[PDB]
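Only one chain is shown below, in structure tokens, and it's the form deposited in one PDB entry.
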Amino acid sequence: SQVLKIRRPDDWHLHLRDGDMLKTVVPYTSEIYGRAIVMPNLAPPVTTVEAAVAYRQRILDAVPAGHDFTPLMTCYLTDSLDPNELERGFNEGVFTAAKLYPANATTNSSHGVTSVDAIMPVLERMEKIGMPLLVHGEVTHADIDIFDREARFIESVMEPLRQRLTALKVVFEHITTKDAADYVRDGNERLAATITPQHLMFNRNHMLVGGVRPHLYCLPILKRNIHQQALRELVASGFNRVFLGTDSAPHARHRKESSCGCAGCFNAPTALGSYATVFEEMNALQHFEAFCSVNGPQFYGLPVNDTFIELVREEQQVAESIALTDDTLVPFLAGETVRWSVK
């Protein structure tokens, strides 16, 4: 019965993959979101303007006619990346931002960054030109417990980095901890964050109690409930430098359900409604539109979308699976109900 009309949202953290997977997954984004930050961790990674242009066009090809969707491309930072390549791409309107993957921290990160020190010239060029840095903020040393890797990044990498480049704009991507939430809440106007639906809706119990649920396995790893509650309070507070970033990260069913399941939730179909439910539960729906449709554009210095969509509080059952060329794709919340759906 109840209806929320919002300014059309954007997705400030998205994985679209490539080839046939891309053809399948883009419509779920393009039918709802005006723009999306398309992450660059392909194999091989997007590290040049040329690759970004070609990838952008492959994305455009797969967008149904009538969807007004623009992909905002990113550069995959590497230790040896030429600052001139980054800047050329930024100047041509190709790269909207650059993404920092610590080497081996996540999906397709074996070519990632080894030290902040090795990429200083690139980061100084980004600071100079006003290009935002998107950060997957986890340390990677093998002996550091997986649940501590986010918190340990803040003090060992993030804070030193930001002290060294005081004008650098940084998005702490997909935060999962009270540690990061506090850090961001207490930061300056040059620091922001994105938060996924899964890190708002669930904690590690939901992935591990009663059975192991690979479709909830994603990075940074789901944390203890105290952390989940901290993220929920952050978004519900109206804090205006947190915004929607799904981290929709699809893998074929049998790459999830295997002896070594890949990290990532395919939440593009259900993210917006799921976010609606969280804001509602936190009695903070007055802050919902800003999170979805205003805070991101503001941080990125981009206009807000000029169209509007409607969410209705009618219960929508989520598909058990989505067809791929080979295998199927299991949506986040598969077989489940979502409280809010798009009109």
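Each residue number is its position in the shown sequence, starting from 1. Residues that one form lacks are left out of the comparison. Between two forms, the rigid core is defined as the largest C-alpha subset superposing within 1.5 Å.
Not on display, but discussed next: the form deposited in another entry.
Worksheet item: Relative to the superposed core, which single residue of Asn267, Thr96, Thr106, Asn203 shows a CA shift of 2 Å or more between the shown form and the other one?
Response: Among the listed residues, the outlier is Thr106.
Worksheet item: What happens to the Cα distance from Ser110 to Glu85 in that other deposited form: does it get closer or farther than here, with a change of 3 angstroms or more?
Response: Compared with the shown chain, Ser110-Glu85 is closer in that other deposited form.
Worksheet item: Between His136 and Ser109, does the Cα distance in that other deposited form come out closer or farther than in this form, changing by 3 Å or more?
Response: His136 and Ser109 sit farther apart in that other deposited form.
Worksheet entry | Superposed on the rigid core, segments between the shown form and the other one of at least 3 residues with Cα shifts of 2 Å or more | Once the cores are aligned, run 103-112 is the only one whose C-alphas move by at least 2 Å.
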